[PDB]
Each structure stands twice: as structure tokens, then as C-alpha cells.
Amino acid sequence: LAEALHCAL
């Protein structure tokens, strides 16, 4: 989740 979010942002 952490990295999915960082990518998305």
C-alpha cells in the first residue's frame, strides 16, 4: 500500500 500510494501521488 505504501508504495502504491507514493506512485499514485
# chains A, B, ... in the order shown; residues from 1 in each chain; ligands from 1
>>> select_by_dssp(residues="chain A", states="alpha helix (DSSP H)", output="PyMOL selection string")
chain A and resi 2-8
>>> write_last_selection(atoms="C-alpha atoms", output="mmCIF file, in the first residue's frame")
data_model
loop_
_atom_site.group_PDB
_atom_site.id
_atom_site.type_symbol
_atom_site.label_atom_id
_atom_site.label_comp_id
_atom_site.auth_asym_id
_atom_site.auth_seq_id
_atom_site.Cartn_x
_atom_site.Cartn_y
_atom_site.Cartn_z
ATOM 1 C CA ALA A 2 2.698 2.479 0.991
ATOM 2 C CA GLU A 3 4.379 2.372 -2.402
ATOM 3 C CA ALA A 4 1.170 2.111 -4.408
ATOM 4 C CA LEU A 5 0.168 5.408 -2.791
ATOM 5 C CA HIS A 6 3.546 7.028 -3.343
ATOM 6 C CA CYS A 7 3.342 6.098 -7.045
ATOM 7 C CA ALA A 8 -0.188 7.355 -7.412
#
